[PDB]
Structures are given as structure tokens and as C-alpha cells.
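**Student:** Here you go, one structure.
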Amino acid sequence: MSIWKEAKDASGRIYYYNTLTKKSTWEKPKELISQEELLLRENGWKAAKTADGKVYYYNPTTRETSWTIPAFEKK
């Protein structure tokens with residue numbers, strides 16, 4: 001549902017904070033990495049990165065290119 005969130009530290013450092021248990025972290029937990037991957041599949045999207053660490057998603061069926069996971073409303 002929504003157990004993790006993205007916040008900025010005192011120096012603007014990006015860290016993922018769990019509000020369900022009020023815990024803090026900096027590395028995306030597998031459950032947070034396994035969901036987006038599961039939405040990708042359903043529509044036919046893939047995730048990859050560039051030489052500059054640029055994360056880009058593309059659809060091998062329509063040859064589409066997006067710089068971020070397309071919004072997937074409640075199916």
C-alpha cells in the first residue's frame with residue numbers, strides 16, 4: 001500500500017522512511033523494488049540504467065521511452 005516514503009535530510013539527503021512502523025532507511029527495500037517491477041510487467045514496461053546511472057524505463061512492444069514509472073491507477 002504505502003509503507004515507505006521519500007524524504008529529504010537536513011542537508012537534502014534522499015532517504016526512504018517507513019511511516020507504518022515509523023522506521024528510517026536509505027536503501028530501497030526489496031518489497032519497494034518488487035512492486036514497481038510488478039506494475040511494469042502488467043503493461044509491458046522494463047527498467048534499466050544508463051552509463052550516467054540514469055534510470056530509464058522502456059516498452060519493447062511499442063518502443064516507448066519514459067524517464068519514470070508511468071502512473072498506474074487502481075486497476
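Letters for chains follow the order of the C-alpha cells (A, B, ...), residue numbers begin at 1 for each chain, and ligand numbers begin at 1 in the order shown.
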Extract, using only C-alpha atoms, all DNA, RNA and protein residues at most 8 Å from residue A:5, discarding same-chain residues fewer than 2 positions from it, and format them as a PyMOL selection string.

**Tutor:** chain A and resi 2-3+7+16-19

**Student:** Suppose we keep N, CA and C atoms; can you now write the selection as a PDB file, in the first residue's frame?

**Tutor:**
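Just written: selection-v4.pdb:
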ATOM      1  N   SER A   2       1.298   1.674   1.185  1.00  0.00           N
ATOM      2  CA  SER A   2       2.127   2.867   1.321  1.00  0.00           C
ATOM      3  C   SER A   2       2.907   2.840   2.627  1.00  0.00           C
ATOM      4  N   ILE A   3       3.824   1.890   2.743  1.00  0.00           N
ATOM      5  CA  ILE A   3       4.616   1.743   3.953  1.00  0.00           C
ATOM      6  C   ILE A   3       5.889   2.587   3.929  1.00  0.00           C
ATOM      7  N   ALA A   7      11.865  11.203   1.727  1.00  0.00           N
ATOM      8  CA  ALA A   7      12.059  12.457   2.444  1.00  0.00           C
ATOM      9  C   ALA A   7      13.456  13.014   2.205  1.00  0.00           C
ATOM     10  N   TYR A  16      14.544   6.817   2.398  1.00  0.00           N
ATOM     11  CA  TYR A  16      13.211   6.233   2.477  1.00  0.00           C
ATOM     12  C   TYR A  16      12.831   5.970   3.928  1.00  0.00           C
ATOM     13  N   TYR A  17      11.717   6.549   4.352  1.00  0.00           N
ATOM     14  CA  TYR A  17      11.262   6.407   5.725  1.00  0.00           C
ATOM     15  C   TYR A  17       9.923   5.676   5.806  1.00  0.00           C
ATOM     16  N   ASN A  18       9.898   4.628   6.625  1.00  0.00           N
ATOM     17  CA  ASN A  18       8.696   3.834   6.845  1.00  0.00           C
ATOM     18  C   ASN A  18       7.835   4.516   7.904  1.00  0.00           C
ATOM     19  N   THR A  19       6.595   4.846   7.555  1.00  0.00           N
ATOM     20  CA  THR A  19       5.697   5.516   8.492  1.00  0.00           C
ATOM     21  C   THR A  19       4.821   4.519   9.243  1.00  0.00           C
TER      22      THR A  19
END

**Student:** Find the residues around stretch 58-60 of chain A up to 8 Å (only C-alpha atoms counted), leave out those fewer than 6 positions away in its own chain, and share them as a ChimeraX atom specification.

**Tutor:** /A:44-47,66

**Student:** From the DSSP assignment of the backbone, select every residue of chain A that is helix (DSSP H, G or I), and format the answer as a list in words.

**Tutor:**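 Output for chain A, helix (DSSP H, G or I) only: residues 30, 31, 32, 33, 34, 35, 36, 37, 38, 39, 40, 41, 42 and 43 of chain A.
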
**Student:** I'd like to know which of A:15, A:56, A:72, A:67 is closest to residue A:36, using only C-alpha atoms.

**Tutor:** A:72

**Student:** Tell me, in Å to one decimal, how far atom CA of residue A:40 is from atom CA of residue A:70.

**Tutor:**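 Spanning atom CA of residue A:40 to atom CA of residue A:70 is a straight-line distance of 8.6 Å.
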
**Student:** Give the strand (DSSP E or B) residues of chain A, as assigned by DSSP on the backbone, as a list in words.

**Tutor:** residues 4, 5, 6, 7, 8, 14, 15, 16, 17, 18, 23, 24, 25, 46, 47, 48, 49, 55, 56, 57, 58, 59, 64, 65 and 66 of chain A

**Student:** Atoms to include: C-alpha atoms. Write the selected residues as a compact mmCIF listing (two decimals), in the first residue's frame.

**Tutor:**
# COMPACT_ATOMS: atom_id res chain seq x y z
CA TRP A 4 7.58 3.74 2.63
CA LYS A 5 8.07 7.40 1.72
CA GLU A 6 10.75 9.66 0.24
CA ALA A 7 12.06 12.46 2.44
CA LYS A 8 14.97 14.90 2.45
CA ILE A 14 17.23 11.40 -0.01
CA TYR A 15 16.18 8.61 2.34
CA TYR A 16 13.21 6.23 2.48
CA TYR A 17 11.26 6.41 5.72
CA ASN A 18 8.70 3.83 6.84
CA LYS A 23 11.34 3.45 10.97
CA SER A 24 14.02 5.04 8.77
CA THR A 25 16.20 3.76 5.91
CA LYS A 46 11.10 -2.62 -18.47
CA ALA A 47 13.62 -0.95 -16.16
CA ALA A 48 17.24 -0.15 -16.95
CA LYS A 49 20.00 2.39 -16.30
CA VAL A 55 17.27 5.16 -14.66
CA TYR A 56 15.10 4.79 -17.75
CA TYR A 57 12.08 2.59 -18.45
CA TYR A 58 11.12 1.49 -21.96
CA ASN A 59 8.42 -0.63 -23.60
CA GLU A 64 8.49 3.72 -25.92
CA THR A 65 10.87 5.61 -23.65
CA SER A 66 10.00 7.12 -20.27

**Student:** Which one of A:12, A:1, A:31, A:41 sits closest to residue A:74 if you count only C-alpha atoms?

**Tutor:**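 Of all the options, A:1 lies closest to residue A:74.
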
**Student:** From the list A:68, A:75, A:30, A:21, which residue is nearest residue A:42 when using only C-alpha atoms?

**Tutor:**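 Using only C-alpha atoms, the shortest distance to residue A:42 belongs to A:75.
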
**Student:** Between A:69, A:10, A:62, A:26, which has the minimum distance to residue A:38 (counting only C-alpha atoms)?

**Tutor:**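 With only C-alpha atoms as the atom set, the closest residue is A:69.
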
**Student:** Would you mind reading off the distance between atom CA of residue A:71 and atom CA of residue A:13, one decimal, in Å?

**Tutor:** 24.9 Å

**Student:** Work out how far apart atom CA of residue A:63 and atom CA of residue A:35 are and give it in Å to one decimal.

**Tutor:**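 Interatomic distance here is 22.6 Å.
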